[PDB]
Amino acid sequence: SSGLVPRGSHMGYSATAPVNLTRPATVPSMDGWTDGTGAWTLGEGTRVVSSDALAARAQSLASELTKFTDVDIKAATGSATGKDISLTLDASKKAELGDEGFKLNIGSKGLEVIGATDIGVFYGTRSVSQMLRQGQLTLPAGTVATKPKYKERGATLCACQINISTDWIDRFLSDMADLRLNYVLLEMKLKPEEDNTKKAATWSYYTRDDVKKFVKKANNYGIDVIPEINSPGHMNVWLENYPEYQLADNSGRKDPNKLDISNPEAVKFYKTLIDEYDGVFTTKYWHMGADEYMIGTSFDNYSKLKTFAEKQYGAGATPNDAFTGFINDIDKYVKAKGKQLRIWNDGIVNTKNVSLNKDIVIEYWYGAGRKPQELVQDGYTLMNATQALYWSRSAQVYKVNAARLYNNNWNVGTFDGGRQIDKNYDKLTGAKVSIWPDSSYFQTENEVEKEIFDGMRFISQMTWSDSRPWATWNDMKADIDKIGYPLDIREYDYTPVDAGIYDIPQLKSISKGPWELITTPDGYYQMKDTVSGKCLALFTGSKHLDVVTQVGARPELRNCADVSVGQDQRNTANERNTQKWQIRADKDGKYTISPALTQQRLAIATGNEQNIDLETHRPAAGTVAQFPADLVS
């Protein structure tokens, strides 16, 4: 027989290690590792030791490692031994480590993590978690210091029109943290509550309490959550119930997507929303969008804006000057609140009388004038938001291809359309992937999470390390799958109840049941009515992005769709995904039932829920309907 037996090395340091023992990979890579003698092993008695000030980080790392490794790892203060992981914050190391970088020293004093800031220490703990959660508890000795090349590294998460659930957002922030990504542009509606804005409280929205909760989670992970309220285009979710602020074309036809920037009360409405957001986000930035104001049309059909431009910005001014003026006026407004403005690059165009303020960050997604190289010449600050890094649920042109970008030598100076700029440009802030819903029934948010996995590791690698230490994409892919997700995602209880047959009293207005529940690959349920043999769907009501957003919409029974197939089955997507339900357990133990695509919650309608949609249609009192969770708690 082979005599095969676990090696079982003692915990702590050993001067003996084989020379080519694997060093578990990380993402981002930690480039320039200097090898040392021996190796260190996490084992019984290993602790996470730190100062009092680092106690919370030490405790959180010890609990996490206890879960991944099955060894009881406790946090402690005072002296570290060779059996231990030590956390040190040394702010004098700014030159070597900067604001986010860290150094690991693995040797006879144990596994030392050093950062110059709290977030730098927390980012080194992410590499310690990644290295120890891959089935190997012995790490080769040596040392490495690493810091990100670019200051802003992350994603656009567009939680606009449709709702991305807060549980999804919380997983996404844990994943960003794991990959050292520090930037999320969250385009989203914070529920407007004032008399003058409250008729825009249509769904999707997020409550102030929920925003404060995920902003606090983000900030503990070193993530800047930047709100966007896109303007003066893509304003349907805000202007639908405010036609007084909508821009009319020369024939008098109003577009709920366009703010009338010539109407000072419409501009004041936008600023009022900025002041509403100010109390729940902590960032120093405001993103006002500014893409695609005249998509589907042209300024020639809005002569009122040329008249306005001439009055406001002098004879010869054009609608593009009025458009840029509006952005500069919002820049003035947010700067007075201590923020810096950011916009998308596309509407920045050809001005005469007005020039765009240089203190506005330009997030460049669309090779549309200027070219990147022109904007560099003018000294603008630029973030690379190339369409090569887009995903959309419906627009199959936008699916990140990480293999292609890794193998074709894309880097953060490769702007949209392969327009290369110097990747060392001193005002290149970094780069981001962008996650857009578009027609939103083709993919559930859980399928979006499965799909973006590789592209999120790709952007993390190229914005921190800017290197390709894996010979090909497929070599990186093998390591990122071994590294896996961070603990919070592995612990999320996607399907808290077993498949089986259930009584569900909340559904009696639809059927007396009982109901057969089965689970789907993406973490939801189909609910079949054993009386009719049909399945519960949330299928009908007013929609945005082809998803029912109507507050008070009622579910219905429809012929059972096949919920076991993947997102490539696009021809049956809508029947299939309108039949998926997310069940969640309360703190503690009551269950709520949500349509997977809408992320509202089923409830029995009382007639006392207050919402602009309900001013004009209410479900019959006592029937089961969906409502935002805040109207039904």
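Residue positions are given as counts along the sequence shown, with the first one as 1. In this text, rigid core is short for the largest set of C-alphas that superpose within 1.5 Å between two forms.
- Two stretches, 237-245 and 346-354, are weighed by how far their CA atoms sit from the shown form in 5 other deposited structures of this protein after rigid core superposition; the farther one is 346-354.
- Between stretches 360-368 and 119-127, the one whose Cα atoms sit farther from the displayed model in 5 other deposited structures of this protein on average is 360-368 (core-aligned, root mean square).
- Once the C-alpha B-factors are averaged per stretch, 7-15 and 618-626 rank with 7-15 first.
- Stretch comparison (456-464 versus 206-214) by mean CA B-factor in the PDB entry places 206-214 on top.
- Taking the PDB entry at face value, the top CA B factor among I510, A385, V184, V397 belongs to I510.
- The top Cα temperature factor in the record, among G338, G325, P148, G413, falls on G338.
- Sort the chain's modelled residues by C-alpha temperature factor and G110 lands in the middle third, per the entry.
- The PDB entry assigns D52 a C-alpha temperature factor belonging to the highest third of its chain's modelled residues.
- When the CA B factors of the chain's modelled residues are split into thirds, the value for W40 lands in the middle one.
- For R584, the recorded CA B-factor ranks within the middle third of the chain. Only modelled residues enter the ranking.
- Ranked within its chain, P595 lands in the lowest third, by CA B factor from the PDB record.
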